[PDB]
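Report on the structure
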Amino acid sequence: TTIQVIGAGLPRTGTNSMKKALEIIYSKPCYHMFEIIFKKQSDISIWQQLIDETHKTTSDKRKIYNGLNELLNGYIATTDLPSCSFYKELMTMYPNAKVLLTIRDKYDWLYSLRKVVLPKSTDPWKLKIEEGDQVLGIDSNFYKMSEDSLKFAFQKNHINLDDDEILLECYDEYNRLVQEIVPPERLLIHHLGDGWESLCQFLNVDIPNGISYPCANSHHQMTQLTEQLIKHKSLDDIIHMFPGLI
Ligand SMILES: Nc1ncnc2c1ncn2[C@@H]1O[C@H](COP(=O)(O)O)[C@@H](OP(=O)(O)O)[C@H]1O
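1. What to know about the side chain of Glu-89
- Looking at the element boundaries, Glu-89 is found in helix 5 (residues 87–93).
- Despite its burial, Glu-89 pairs with no opposite charge; the closest candidate is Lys-88, at 6.0 Å N-O.
- Here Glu-89 is in contact with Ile-64, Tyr-65, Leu-68 and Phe-152, once residues within four sequence places are set aside.

Next up, the structure:
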């Protein structure tokens, strides 16, 4: 099994739903941030090494190609951070892989990002996220890798992550750049709510009969999850409250 589909869309653009969508179409695993968090946290350090490699004056691109290949082995596809930030490299490694850009209203995206992935440094909620994630064994290593992958995406060394205006403009710039770099035939722009049709057409498959297009990982669902991890201090004790999430 090798990479058939590259997810270039940013966090909070429906990437988990897209992961579950492709897992239905291909009947093979798709990589995602949640793969790291819930199954393979050992991958965090690997991604960090690759991200840090990009910041060198002369980056070892074969080091990155090889590391990407080891991480994504046995996966048919990948979405969300940190793999989205490497969509250029992935396209090179897998010249036949198609590219998906999941996208949405820029204002709804920033709000989602703030609530789940990248709170302002002075937001009390940020402390709650960290507290809840500690139950999962997630700490500063994940947050740094996560933030670093996002800055690599936005191609910024020094950037003020607490400035909403910068984030909003980076978002537009990132999405524009994807469309510019990826040949049209090799790219599908999938807006939230688009469902099965364009995706299945683009991958030359039938629409999966009797199965609804996944709708997972809402920020309301994420807030509840953080709150329940704090309250019960155990994932397994509470997982039955979050079907279809992992
Ligand atoms: N089928 C669908 N239709 C509409 N929105 C969807 C969707 N699937 C996922 N989403 C939204 O996409 C976001 C999750 O993105 P990701 O999986 O990359 O983290 C969430 O946004 P909100 O936080 O606004 O609820 C989630 O609600």
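2. Topic: the packing of aromatic side chains
- Under the definition given, this model contains ten aromatic pairs.
- Relative to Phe-38, the ring of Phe-34 has its centre 5.4 Å away and its plane inclined at 80°; by these criteria the two rings are edge-to-face. Taken together, the residues span about one helical turn, with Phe-34 and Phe-38 both in helix 2 (residues 33–38) at a distance of four residues.
- Looking at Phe-38, the relative accessible area reads 23%, which means it is partly exposed.
- Linked through ring pairs, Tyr-31, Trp-47, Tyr-75, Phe-86 and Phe-152 together constitute an aromatic cluster.
- Above the face of the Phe-202 ring, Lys-98 is positioned so that its terminal group lies 5.5 Å from the ring centre.
- Positioned over the ring face of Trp-125 is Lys-115, at 5.5 Å from the centre of the ring.

3. Topic: the packing of helix 6 (residues 106–116) against helix 9 (residues 164–181)
- Where helix 6 meets helix 9, the axes come as close as 10 Å, and the angle between the chain directions of the two elements is 120°. By the angle between their axes, helix 6 is oblique relative to helix 9. Both helix 6 and helix 9 take part in a crossing whose hand is right-handed. Contact with helix 6, carried on its side by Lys-106, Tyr-107, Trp-109, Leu-110, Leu-113 and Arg-114, involves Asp-164, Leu-167, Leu-168, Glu-169, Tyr-171 and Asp-172 of helix 9 and no other residues of that element.
- Taken together, the residues of the contact of helix 6 with helix 9 sort by class into seven nonpolar, no polar and five charged.

4. Regarding the site of the ligand
- In the vicinity of the ligand, 17 residues are found, and the nearest of them are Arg-12, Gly-14, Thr-15, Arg-104 and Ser-112.
- Within the backbone of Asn-16, one N or O atom sits 2.9 Å away from an oxygen atom of the ligand.
- The separation between an oxygen atom of the ligand and a polar side-chain atom of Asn-217 is 3.0 Å.
- Looking at which element gives the most residues to the shell around the ligand, the answer is helix 1 (residues 15–26), with three residues.
- Broken down by class, the residue content of the shell around the ligand amounts to five nonpolar, ten polar and two charged.

5. Description of the nonpolar core
- In terms of nonpolar packing, the biggest core is built from 63 residues, with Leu-10, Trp-47, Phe-86, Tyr-87 and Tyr-174 touching the most fellow members.
- Look past the residues within four positions of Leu-10 in its chain and what remains in contact with it is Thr-15, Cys-84, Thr-102, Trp-109, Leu-150, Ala-153, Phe-154, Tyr-171 and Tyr-174.
- Counting 15 residues, the second-largest nonpolar core is a separate cluster that includes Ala-21, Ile-25, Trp-196 and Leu-203.

6. Topic: the pattern of salt bridges
- One pass over the structure, following the stated rule, counts 14 salt bridges.
- A salt bridge links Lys-19 to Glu-23; the nearest nitrogen and oxygen atoms lie 2.8 Å apart. Placement of the pair is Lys-19 and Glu-23 together in helix 1, with a separation of four residues, close to one helical turn.
- When its relative accessible area of 5% is taken as the criterion, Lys-19 is described as buried.

7. Considering helix 1
- Between its terminal C-alpha atoms helix 1 stretches 16 Å, which fits the 16 Å expected from twelve residues at 1.5 Å a residue.
- Most of helix 1 sits out of view: nine of its twelve residues are buried.
- Looking only at helix 1, the buried set comprises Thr-15, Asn-16, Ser-17, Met-18, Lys-19, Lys-20, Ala-21, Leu-22 and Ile-25.
- Looking one or two residues beyond helix 1, the residue adopting positive phi is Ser-27, at roughly 55°.

8. Concerning the sheet that holds strand 4 (residues 98–103)
- Pairing within the open sheet is parallel, and its five strands lie in the order 2-3-1-4-5. Lying at the two open borders of the sheet, with one neighbouring strand each, are strand 2 (30–31) and strand 5 (187–191).
- Pairing analysis gives five bridges linking strand 4 to strand 5, with the strands arranged parallel. Across the sheet, residue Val-99 finds its bridge partner in strand 5, namely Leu-187.

Rules of the game
Residues numbered from 1 in each chain as written, not as in the entry; some residues may be left out. Heavy atoms only, no water. Helix = DSSP H or I, 4+ residues; strand = E, 2+ residues; numbered from the N terminus. Buried < 20%, exposed > 50% of the residue type's maximum accessible area, 1.4 Å probe, protein only. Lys, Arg positive; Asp, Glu negative; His and termini not counted. Salt bridge = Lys/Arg side-chain N within 4 Å of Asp/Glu carboxyl O. Contact = heavy atoms within 4.5 Å. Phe/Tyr/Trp six-rings, centres within 6.5 Å; stacked < 30°, edge-to-face > 60°. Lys NZ or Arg CZ within 6 Å of the ring centre and 35° of its normal. Axes fitted to C-alpha atoms, helices over the stretch in contact; angles between N-to-C directions. Parallel < 35°, antiparallel > 145°, perpendicular 65-115°, else oblique. Left-handed = near helix turned anticlockwise from the far one by under 90°. Nonpolar A, V, L, I, M, F, W, Y, C, P; charged D, E, K, R; others polar. Near = heavy atom within 4 Å. Polar contact = N/O pair within 3.5 Å; in protein donor to acceptor, adjacent residues only side chain to side chain. Core = buried A, V, L, I, M, F, W, Y, C linked by side-chain atoms within 4.5 Å. Expected span 1.5 Å × (residues − 1). Pairing = 2+ DSSP bridges.

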